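Colleague: Contents are compact mmCIF, C-alpha atoms and all ligand atoms; file name start_32.txt:
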```txt
# COMPACT_ATOMS: atom_id res chain seq x y z
CA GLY A 142 -81.53 -36.79 -30.30
CA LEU A 143 -78.11 -38.34 -29.93
CA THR A 144 -76.26 -39.40 -33.02
CA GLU A 145 -75.49 -43.06 -33.55
CA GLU A 146 -71.81 -42.70 -32.63
CA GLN A 147 -72.92 -40.91 -29.46
CA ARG A 148 -75.30 -43.71 -28.43
CA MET A 149 -72.63 -46.34 -29.09
CA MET A 150 -70.21 -44.27 -27.05
CA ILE A 151 -72.53 -44.15 -24.01
CA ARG A 152 -73.36 -47.85 -24.31
CA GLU A 153 -69.66 -48.77 -24.32
CA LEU A 154 -68.99 -46.69 -21.19
CA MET A 155 -72.03 -48.08 -19.33
CA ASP A 156 -70.92 -51.59 -20.30
CA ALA A 157 -67.43 -50.90 -18.92
CA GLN A 158 -68.95 -49.46 -15.71
CA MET A 159 -71.29 -52.45 -15.28
CA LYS A 160 -68.43 -54.92 -15.72
CA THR A 161 -65.92 -53.22 -13.42
CA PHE A 162 -67.76 -51.32 -10.63
CA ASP A 163 -68.41 -53.69 -7.70
CA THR A 164 -71.16 -51.51 -6.27
CA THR A 165 -71.77 -53.87 -3.34
CA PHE A 166 -68.01 -54.09 -2.62
CA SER A 167 -68.64 -57.85 -2.31
CA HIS A 168 -65.08 -58.64 -3.44
CA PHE A 169 -63.35 -56.13 -1.14
CA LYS A 170 -61.77 -58.55 1.33
CA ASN A 171 -58.65 -59.18 3.44
CA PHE A 172 -58.27 -55.49 4.32
CA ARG A 173 -56.41 -54.27 7.39
CA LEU A 174 -58.26 -52.67 10.32
CA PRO A 175 -57.11 -50.40 13.17
CA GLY A 176 -55.52 -52.20 16.09
CA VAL A 177 -57.23 -53.26 19.29
CA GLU A 195 -38.91 -31.73 10.84
CA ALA A 196 -41.34 -30.50 13.48
CA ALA A 197 -43.01 -28.35 10.81
CA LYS A 198 -43.52 -31.45 8.67
CA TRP A 199 -45.43 -33.14 11.50
CA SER A 200 -47.61 -30.09 12.14
CA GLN A 201 -48.65 -30.06 8.48
CA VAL A 202 -49.29 -33.84 8.38
CA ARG A 203 -51.40 -33.51 11.54
CA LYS A 204 -53.45 -30.87 9.72
CA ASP A 205 -53.68 -33.07 6.61
CA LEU A 206 -54.96 -36.08 8.56
CA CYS A 207 -57.56 -34.38 10.75
CA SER A 208 -59.33 -32.62 7.86
CA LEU A 209 -61.26 -35.85 7.26
CA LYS A 210 -62.49 -37.83 10.25
CA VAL A 211 -64.77 -40.84 9.76
CA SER A 212 -65.95 -43.70 11.89
CA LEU A 213 -66.11 -47.16 10.38
CA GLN A 214 -68.92 -49.70 10.54
CA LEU A 215 -68.77 -53.37 9.43
CA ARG A 216 -72.01 -55.32 9.11
CA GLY A 217 -71.30 -59.04 9.20
CA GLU A 218 -73.01 -61.59 6.99
CA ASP A 219 -74.53 -63.01 10.23
CA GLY A 220 -76.16 -59.77 11.42
CA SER A 221 -73.36 -58.80 13.80
CA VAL A 222 -72.00 -55.24 13.69
CA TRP A 223 -68.54 -53.89 14.51
CA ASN A 224 -68.13 -50.10 14.90
CA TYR A 225 -64.84 -48.16 15.13
CA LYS A 226 -64.61 -44.62 16.53
CA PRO A 227 -61.20 -43.04 15.81
CA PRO A 228 -58.94 -41.48 18.45
CA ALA A 229 -58.63 -37.76 19.03
CA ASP A 230 -55.34 -36.14 18.02
CA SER A 231 -53.15 -36.19 21.14
CA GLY A 232 -49.83 -35.50 19.40
CA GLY A 233 -48.75 -39.08 18.72
CA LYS A 234 -48.90 -41.93 16.18
CA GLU A 235 -52.65 -42.51 16.79
CA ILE A 236 -53.50 -40.14 13.92
CA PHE A 237 -52.28 -42.89 11.54
CA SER A 238 -54.59 -45.62 12.86
CA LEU A 239 -56.82 -45.76 9.77
CA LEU A 240 -54.13 -45.37 7.08
CA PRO A 241 -53.56 -49.09 6.38
CA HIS A 242 -57.32 -49.64 5.98
CA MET A 243 -57.76 -46.60 3.72
CA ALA A 244 -54.79 -47.70 1.63
CA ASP A 245 -56.41 -51.10 1.14
CA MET A 246 -59.71 -49.50 0.15
CA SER A 247 -58.09 -47.06 -2.29
CA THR A 248 -56.05 -49.92 -3.77
CA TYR A 249 -59.24 -51.93 -4.31
CA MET A 250 -60.94 -48.97 -6.01
CA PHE A 251 -57.86 -48.32 -8.20
CA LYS A 252 -58.00 -51.88 -9.52
CA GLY A 253 -61.62 -51.36 -10.55
CA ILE A 254 -60.71 -48.06 -12.25
CA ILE A 255 -57.83 -49.67 -14.13
CA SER A 256 -60.19 -52.46 -15.27
CA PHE A 257 -62.75 -49.83 -16.37
CA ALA A 258 -60.23 -48.05 -18.60
CA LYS A 259 -58.83 -51.24 -20.14
CA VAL A 260 -62.32 -52.28 -21.37
CA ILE A 261 -62.97 -49.04 -23.29
CA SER A 262 -62.01 -49.22 -26.97
CA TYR A 263 -60.86 -45.59 -27.19
CA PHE A 264 -58.48 -46.26 -24.29
CA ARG A 265 -57.25 -49.65 -25.52
CA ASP A 266 -56.31 -48.07 -28.86
CA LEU A 267 -53.94 -45.56 -27.25
CA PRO A 268 -50.23 -46.43 -26.96
CA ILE A 269 -49.33 -48.23 -23.73
CA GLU A 270 -47.23 -45.32 -22.46
CA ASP A 271 -50.15 -42.90 -22.80
CA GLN A 272 -52.52 -45.39 -21.16
CA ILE A 273 -50.22 -45.44 -18.12
CA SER A 274 -49.80 -41.67 -18.06
CA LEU A 275 -53.58 -41.17 -18.22
CA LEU A 276 -54.30 -43.66 -15.43
CA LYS A 277 -51.59 -42.13 -13.23
CA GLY A 278 -53.17 -38.74 -13.89
CA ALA A 279 -56.84 -39.61 -13.34
CA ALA A 280 -57.14 -42.72 -11.11
CA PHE A 281 -57.84 -40.65 -7.99
CA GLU A 282 -60.51 -38.60 -9.79
CA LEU A 283 -62.40 -41.61 -11.13
CA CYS A 284 -62.26 -43.19 -7.66
CA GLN A 285 -63.93 -40.09 -6.19
CA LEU A 286 -66.58 -40.06 -8.93
CA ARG A 287 -67.42 -43.69 -8.11
CA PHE A 288 -67.45 -42.94 -4.36
CA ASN A 289 -69.94 -40.11 -4.90
CA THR A 290 -72.49 -42.58 -6.21
CA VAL A 291 -72.45 -44.40 -2.83
CA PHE A 292 -72.41 -41.16 -0.81
CA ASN A 293 -75.52 -40.55 1.32
CA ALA A 294 -75.67 -36.79 1.71
CA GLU A 295 -78.46 -36.99 4.33
CA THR A 296 -76.31 -39.01 6.74
CA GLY A 297 -72.84 -37.94 5.62
CA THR A 298 -71.96 -41.61 4.96
CA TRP A 299 -70.29 -43.50 2.12
CA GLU A 300 -72.23 -46.77 1.96
CA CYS A 301 -69.82 -49.40 0.67
CA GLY A 302 -71.83 -52.57 0.89
CA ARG A 303 -71.13 -54.10 4.31
CA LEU A 304 -68.74 -51.25 5.20
CA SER A 305 -69.90 -47.70 5.97
CA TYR A 306 -67.71 -44.62 6.50
CA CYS A 307 -69.55 -41.92 8.46
CA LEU A 308 -68.39 -38.32 8.85
CA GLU A 309 -67.80 -37.36 12.48
CA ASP A 310 -69.62 -34.13 13.38
CA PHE A 315 -71.65 -29.04 10.05
CA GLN A 316 -71.29 -25.95 7.86
CA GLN A 317 -67.69 -26.21 9.11
CA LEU A 318 -67.25 -29.64 7.49
CA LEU A 319 -67.99 -28.18 4.02
CA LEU A 320 -64.91 -25.98 4.31
CA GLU A 321 -62.97 -29.13 3.40
CA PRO A 322 -62.77 -29.06 -0.44
CA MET A 323 -63.21 -32.83 -0.89
CA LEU A 324 -66.33 -32.80 1.29
CA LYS A 325 -67.83 -29.75 -0.40
CA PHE A 326 -67.18 -31.56 -3.68
CA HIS A 327 -69.13 -34.68 -2.69
CA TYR A 328 -72.08 -32.69 -1.33
CA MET A 329 -72.31 -30.34 -4.34
CA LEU A 330 -72.02 -33.18 -6.87
CA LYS A 331 -74.63 -35.33 -5.12
CA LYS A 332 -77.06 -32.39 -5.21
CA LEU A 333 -76.97 -32.29 -9.02
CA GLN A 334 -78.82 -35.67 -8.94
CA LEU A 335 -76.95 -37.05 -11.95
CA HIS A 336 -77.86 -40.16 -13.96
CA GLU A 337 -75.57 -43.21 -14.22
CA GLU A 338 -74.87 -42.11 -17.79
CA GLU A 339 -73.71 -38.65 -16.70
CA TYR A 340 -71.40 -40.11 -14.04
CA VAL A 341 -69.71 -42.44 -16.52
CA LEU A 342 -69.28 -39.64 -19.06
CA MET A 343 -67.67 -37.56 -16.30
CA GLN A 344 -65.28 -40.49 -15.70
CA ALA A 345 -64.36 -40.58 -19.39
CA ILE A 346 -63.80 -36.81 -19.61
CA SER A 347 -61.45 -37.00 -16.62
CA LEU A 348 -59.69 -40.13 -17.91
CA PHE A 349 -59.04 -38.63 -21.37
CA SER A 350 -57.45 -35.40 -20.17
CA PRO A 351 -54.77 -34.44 -22.72
CA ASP A 352 -52.65 -32.48 -20.20
CA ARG A 353 -51.48 -35.03 -17.70
CA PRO A 354 -47.72 -35.38 -17.16
CA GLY A 355 -46.15 -37.59 -19.79
CA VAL A 356 -48.91 -37.81 -22.39
CA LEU A 357 -47.46 -38.03 -25.91
CA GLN A 358 -50.54 -38.29 -28.17
CA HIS A 359 -51.86 -34.94 -26.93
CA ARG A 360 -53.96 -34.29 -30.03
CA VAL A 361 -55.57 -37.73 -30.13
CA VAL A 362 -56.47 -37.58 -26.42
CA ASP A 363 -57.79 -34.02 -26.78
CA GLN A 364 -60.09 -34.98 -29.66
CA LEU A 365 -61.44 -37.97 -27.70
CA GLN A 366 -62.15 -35.79 -24.67
CA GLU A 367 -63.98 -33.25 -26.81
CA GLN A 368 -66.20 -36.00 -28.22
CA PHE A 369 -67.08 -37.27 -24.72
CA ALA A 370 -67.88 -33.70 -23.65
CA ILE A 371 -70.03 -33.14 -26.76
CA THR A 372 -71.85 -36.42 -26.06
CA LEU A 373 -72.53 -35.34 -22.46
CA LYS A 374 -73.81 -31.90 -23.49
CA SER A 375 -76.12 -33.56 -26.04
CA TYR A 376 -77.33 -36.19 -23.56
CA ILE A 377 -78.33 -33.43 -21.12
CA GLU A 378 -80.10 -31.47 -23.86
CA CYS A 379 -82.02 -34.52 -25.09
CA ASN A 380 -83.05 -35.77 -21.64
CA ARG A 381 -83.26 -32.85 -19.17
CA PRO A 382 -85.61 -30.02 -20.21
CA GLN A 383 -86.43 -28.81 -16.69
CA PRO A 384 -85.50 -25.25 -15.60
CA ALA A 385 -83.62 -26.81 -12.67
CA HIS A 386 -81.11 -28.30 -15.16
CA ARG A 387 -80.33 -25.13 -17.08
CA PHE A 388 -76.54 -24.84 -17.31
CA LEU A 389 -76.18 -28.41 -16.00
CA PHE A 390 -73.47 -29.23 -18.53
CA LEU A 391 -71.45 -26.18 -17.46
CA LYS A 392 -71.89 -27.03 -13.77
CA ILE A 393 -70.55 -30.55 -14.35
CA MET A 394 -67.54 -29.25 -16.27
CA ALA A 395 -66.79 -26.79 -13.44
CA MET A 396 -66.96 -29.67 -10.96
CA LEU A 397 -64.46 -31.61 -13.06
CA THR A 398 -62.06 -28.68 -12.92
CA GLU A 399 -62.50 -28.55 -9.14
CA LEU A 400 -61.90 -32.30 -8.98
CA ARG A 401 -58.58 -31.84 -10.74
CA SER A 402 -57.63 -29.21 -8.15
CA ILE A 403 -58.61 -31.57 -5.31
CA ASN A 404 -56.51 -34.31 -6.96
CA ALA A 405 -53.41 -32.08 -6.90
CA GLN A 406 -54.06 -31.13 -3.26
CA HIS A 407 -54.51 -34.73 -2.13
CA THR A 408 -51.50 -35.97 -4.09
CA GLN A 409 -49.34 -33.53 -2.13
CA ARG A 410 -51.01 -34.57 1.16
CA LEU A 411 -50.26 -38.21 0.33
CA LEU A 412 -46.59 -37.55 -0.38
CA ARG A 413 -46.22 -35.54 2.85
CA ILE A 414 -47.80 -38.30 4.96
CA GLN A 415 -45.76 -40.93 3.10
CA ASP A 416 -42.57 -38.94 3.68
CA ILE A 417 -42.73 -39.34 7.48
CA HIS A 418 -45.00 -42.42 7.81
CA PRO A 419 -44.94 -44.90 4.89
CA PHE A 420 -48.28 -46.54 4.08
CA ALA A 421 -48.76 -46.58 0.28
CA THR A 422 -49.36 -50.06 -1.17
CA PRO A 423 -47.27 -51.15 -4.20
CA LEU A 424 -50.09 -50.24 -6.60
CA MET A 425 -50.37 -46.82 -4.96
CA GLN A 426 -46.59 -46.36 -5.23
CA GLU A 427 -46.74 -47.24 -8.93
CA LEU A 428 -49.58 -44.79 -9.61
CA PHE A 429 -47.93 -41.98 -7.62
CA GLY A 430 -44.42 -42.49 -9.01
CA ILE A 431 -42.70 -43.94 -5.91
CA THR A 432 -39.80 -46.09 -7.11
CA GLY A 433 -38.93 -48.04 -3.96
CA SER A 434 -35.49 -46.43 -3.53
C1 LIG B 1 -57.66 -37.76 2.58
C2 LIG B 1 -56.24 -37.73 3.13
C3 LIG B 1 -55.24 -37.28 2.07
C4 LIG B 1 -55.18 -38.28 0.94
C5 LIG B 1 -54.90 -39.71 1.43
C6 LIG B 1 -54.95 -40.72 0.30
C7 LIG B 1 -54.72 -40.33 -1.02
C8 LIG B 1 -54.78 -41.21 -2.05
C9 LIG B 1 -55.08 -42.54 -1.79
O1 LIG B 1 -55.13 -43.43 -2.82
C10 LIG B 1 -55.33 -42.94 -0.50
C11 LIG B 1 -55.28 -42.04 0.56
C12 LIG B 1 -55.55 -42.55 1.95
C13 LIG B 1 -55.39 -41.52 3.05
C14 LIG B 1 -55.83 -40.14 2.57
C15 LIG B 1 -55.78 -39.09 3.66
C16 LIG B 1 -56.58 -39.29 4.94
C17 LIG B 1 -56.86 -37.85 5.44
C18 LIG B 1 -56.20 -36.92 4.42
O2 LIG B 1 -56.78 -35.63 4.32
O1 LIG B 2 -60.28 -44.11 -2.12
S1 LIG B 2 -59.75 -43.46 -0.82
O2 LIG B 2 -60.34 -44.18 0.43
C1 LIG B 2 -61.69 -43.85 0.89
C2 LIG B 2 -61.69 -42.48 1.64
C3 LIG B 2 -61.52 -41.17 0.76
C4 LIG B 2 -61.35 -41.44 -0.70
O3 LIG B 2 -60.03 -41.95 -0.85
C5 LIG B 2 -62.83 -40.40 1.03
CL1 LIG B 2 -62.97 -38.65 0.46
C6 LIG B 2 -63.88 -41.12 0.55
CL2 LIG B 2 -64.79 -40.70 -0.85
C7 LIG B 2 -64.02 -42.19 1.32
CL3 LIG B 2 -65.12 -43.42 1.14
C8 LIG B 2 -63.06 -42.19 2.28
CL4 LIG B 2 -63.52 -43.23 3.72
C9 LIG B 2 -62.89 -40.70 2.55
CL5 LIG B 2 -61.51 -40.40 3.68
CL6 LIG B 2 -64.31 -40.13 3.33
```
Show me this structure written as structure tokens.
Ligand SMILES: C[C@]12CC[C@@H]3c4ccc(O)cc4CC[C@H]3[C@@H]1CC[C@@H]2O
Ligand SMILES: O=[S@]1OC[C@@H]2[C@H](CO1)[C@]1(Cl)C(Cl)=C(Cl)[C@@]2(Cl)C1(Cl)Cl
Modeller:
Amino acid sequence: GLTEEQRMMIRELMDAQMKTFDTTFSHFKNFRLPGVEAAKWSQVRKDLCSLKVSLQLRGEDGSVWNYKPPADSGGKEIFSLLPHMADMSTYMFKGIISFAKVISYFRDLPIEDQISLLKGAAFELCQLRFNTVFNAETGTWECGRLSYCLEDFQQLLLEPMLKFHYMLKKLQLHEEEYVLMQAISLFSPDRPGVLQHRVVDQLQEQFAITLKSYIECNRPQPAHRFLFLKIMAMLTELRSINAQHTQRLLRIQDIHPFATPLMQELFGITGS
């Protein structure tokens, strides 16, 4: 019951996703691993301990390495996983940039708006991709040979990013709905620096219309009543989480630099 432009739209997005989402993380390589003013620190300590994960690496030979992080004892140990996480986020950002560049609607925008939109949405599309490898039964992001497992329950869901992943996983979305969510986030007309506000706004509306129609054509079950509105509410929450985590990043970076060059570029850090 989709129009022809709507089916072409979904096919282009799925094509871009298929070409640029390394779902086995097979090409994530050469990453770092953990080794073998007072008010600023207290806030950063709170920022860092709100997510605690252990790390598992399954080798191509059947061997397994497992890393359990240190407890916060008031020193530099709270930073032990930052170089690794920076490498992982950098790898994901590259895939997200590649995703956007393949989409015709994005390619046709002026280069300055392309940059503004990626700066605005890269984090959000990364999280949307991460949700598809989230195992809500085990609290684990399954990234091919790497796993990130939440350290232990109802208390963990107080953390907005974690509540987001659990609530979104429960909607049991299709691949097509995830990639439409990515497009709606990417084409947000109100990111800092966008110039072609009206063009971007019209594109976003068409992706939202396509998503609403996809759900109506393919999900008649009473469990999916209001599904379109639930997804849109999650996207608004994701934007909120993005703003929160951007500020966390800049606070951590202020007293303990760790952002890679690509992260600096996307977050506006000039190197001076
Ligand atoms: C998620 C945290 C804030 C956001 C940080 C971030 C934010 C953006 C990004 O590209 C990478 C990282 C790595 C470390 C993250 C932090 C580790 C714990 C903290 O809450
Ligand atoms: O791309 S970044 O690096 C990955 C980290 C975060 C996302 O930012 C979270 Cl929210 C997710 Cl998702 C994963 Cl996976 C981890 Cl491991 C945690 Cl910290 Cl769990």
Colleague: Could you name the residues that touch residue 358 of chain A at 10 Å or less, counting only C-alpha atoms, but leaving out those on the same chain fewer than 5 positions away, as a ChimeraX atom specification?
Modeller: /A:267-268,270-271,351,363
Colleague: Between A:287, A:210, A:360, A:259, which has the minimum distance to ligand LIG 1 (chain B) (counting all atoms listed in the file)?
Modeller: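 Answer, going by the shortest atom-to-atom distance: A:210.
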Colleague: For segment 153-162 of chain A, list every protein, DNA or RNA residue within 12 Å, evaluated using only C-alpha atoms, and leave out those in the same chain fewer than 4 positions away; present the list as a PyMOL selection string.
Modeller: chain A and resi 146-149+166-169+249-264+283-284+286-288+290-291+301+336-346+348+369+372-373
Colleague: Could you write out that same residue set with C-alpha atoms as a JSON list (two decimals), keeping the file's coordinate frame?
Modeller:
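Final output, result14.json:
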```
[["chain", "number", "residue", "atom", "x", "y", "z"],
["A", 146, "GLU", "CA", -71.81, -42.70, -32.63],
["A", 147, "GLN", "CA", -72.92, -40.91, -29.46],
["A", 148, "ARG", "CA", -75.30, -43.71, -28.43],
["A", 149, "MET", "CA", -72.63, -46.34, -29.09],
["A", 166, "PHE", "CA", -68.01, -54.09, -2.62],
["A", 167, "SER", "CA", -68.64, -57.85, -2.31],
["A", 168, "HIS", "CA", -65.08, -58.64, -3.44],
["A", 169, "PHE", "CA", -63.35, -56.13, -1.14],
["A", 249, "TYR", "CA", -59.24, -51.93, -4.31],
["A", 250, "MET", "CA", -60.94, -48.97, -6.01],
["A", 251, "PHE", "CA", -57.86, -48.32, -8.20],
["A", 252, "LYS", "CA", -58.00, -51.88, -9.52],
["A", 253, "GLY", "CA", -61.62, -51.36, -10.55],
["A", 254, "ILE", "CA", -60.71, -48.06, -12.25],
["A", 255, "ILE", "CA", -57.83, -49.67, -14.13],
["A", 256, "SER", "CA", -60.19, -52.46, -15.27],
["A", 257, "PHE", "CA", -62.75, -49.83, -16.37],
["A", 258, "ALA", "CA", -60.23, -48.05, -18.60],
["A", 259, "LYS", "CA", -58.83, -51.24, -20.14],
["A", 260, "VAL", "CA", -62.32, -52.28, -21.37],
["A", 261, "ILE", "CA", -62.97, -49.04, -23.29],
["A", 262, "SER", "CA", -62.01, -49.22, -26.97],
["A", 263, "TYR", "CA", -60.86, -45.59, -27.19],
["A", 264, "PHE", "CA", -58.48, -46.26, -24.29],
["A", 283, "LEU", "CA", -62.40, -41.61, -11.13],
["A", 284, "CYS", "CA", -62.26, -43.19, -7.66],
["A", 286, "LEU", "CA", -66.58, -40.06, -8.93],
["A", 287, "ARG", "CA", -67.42, -43.69, -8.11],
["A", 288, "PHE", "CA", -67.45, -42.94, -4.36],
["A", 290, "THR", "CA", -72.49, -42.58, -6.21],
["A", 291, "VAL", "CA", -72.45, -44.40, -2.83],
["A", 301, "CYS", "CA", -69.82, -49.40, 0.67],
["A", 336, "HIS", "CA", -77.86, -40.16, -13.96],
["A", 337, "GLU", "CA", -75.57, -43.21, -14.22],
["A", 338, "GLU", "CA", -74.87, -42.11, -17.79],
["A", 339, "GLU", "CA", -73.71, -38.65, -16.70],
["A", 340, "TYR", "CA", -71.40, -40.11, -14.04],
["A", 341, "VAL", "CA", -69.71, -42.44, -16.52],
["A", 342, "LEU", "CA", -69.28, -39.64, -19.06],
["A", 343, "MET", "CA", -67.67, -37.56, -16.30],
["A", 344, "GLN", "CA", -65.28, -40.49, -15.70],
["A", 345, "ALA", "CA", -64.36, -40.58, -19.39],
["A", 346, "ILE", "CA", -63.80, -36.81, -19.61],
["A", 348, "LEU", "CA", -59.69, -40.13, -17.91],
["A", 369, "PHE", "CA", -67.08, -37.27, -24.72],
["A", 372, "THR", "CA", -71.85, -36.42, -26.06],
["A", 373, "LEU", "CA", -72.53, -35.34, -22.46]]
```
Colleague: Please identify every polymer residue within 7 Å of ligand LIG 1 (chain B), using all atoms listed in the file, and present the set as a PyMOL selection string.
Modeller: chain A and resi 205-209+240+243-244+247-248+281+407-408+410-411+425
Colleague: Provide the atom CA of residue 332 of chain A to atom CA of residue 216 of chain A distance in Å, to one decimal place.
Modeller: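 Between these atoms lies a distance of 27.5 Å.
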Colleague: From the options A:302, A:142, A:228, A:220, which residue's atoms come nearest to ligand LIG 2 (chain B), counting all atoms listed in the file?
Modeller: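 The answer is A:302, which sits nearest to ligand LIG 2 (chain B).
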Colleague: Quick one: residues within 12 Å of residue 200 of chain A, all atoms listed in the file counted, chain neighbours fewer than 4 positions away excluded, as a ChimeraX atom specification?
Modeller: /A:195-196,204-207,230,232-233,236,413-414,417
Colleague: Please return the centre and edge lengths, in Å to one decimal, of a box with edges along x, y and z that contains all listed atoms of ligand LIG 2 (chain B), widened by 3 Å on every side, as JSON.
Modeller:
```
{"center_x": -62.4, "center_y": -41.4, "center_z": 0.8, "size_x": 11.4, "size_y": 11.5, "size_z": 11.8}
```
Colleague: In the coordinate frame of the file, compute which residues have an atom within 12 Å of (-62.8, -54.9, 18.1) when using only C-alpha atoms, and state them as number ranges by chain.
Modeller: A: 174-177, 213-215, 222-226
Colleague: Check the smallest atom-to-atom distance from each of A:391, A:361, A:400, A:197 to ligand LIG 2 (chain B) using all atoms listed in the file, then report the winner.
Modeller: A:400
Colleague: Which residue, A:385, A:304, A:393, A:279, has the smallest gap to residue 347 of chain A when you use all atoms listed in the file?
Modeller: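 Once distances to residue 347 of chain A are computed over all atoms listed in the file, the minimum belongs to A:279.
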Colleague: Pick the closest to residue 221 of chain A from A:292, A:303, A:265, A:273: which is it, counting only C-alpha atoms?
Modeller: A:303
Colleague: At a cut-off of 10 Å around the point (-78.0, -30.2, -15.1) (file coordinates), what residues fall inside when counting all atoms listed in the file? I'd like the answer as a ChimeraX atom specification.
Modeller: /A:333-335,339,374,377-378,380-393
Colleague: Tell me which of A:349, A:354, A:418, A:325 sits closest to residue 366 of chain A, counting all atoms listed in the file.
Modeller: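 Ranking A:349, A:354, A:418, A:325 by distance to residue 366 of chain A, first place goes to A:349.
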Colleague: Report the distance between atom CA of residue 405 of chain A and atom CA of residue 285 of chain A in Å, rounded to one decimal place.
Modeller: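 So the answer is 13.2 Å.
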Colleague: Please identify all polymer residues within 6 Å of residue 211 of chain A, counting all atoms listed in the file, omitting same-chain residues fewer than 2 positions from it, and present them as a list in words.
Modeller: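 Once the nearby chain positions are removed, what remains is residues 306, 307, 308 and 309 of chain A.
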Colleague: So the first atom is atom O1 of ligand LIG 2 (chain B) and the second is atom CA of residue 424 of chain A; what is the distance between them in Å, to one decimal place?
Modeller: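 For atom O1 of ligand LIG 2 (chain B) relative to atom CA of residue 424 of chain A, the distance reads 12.7 Å.
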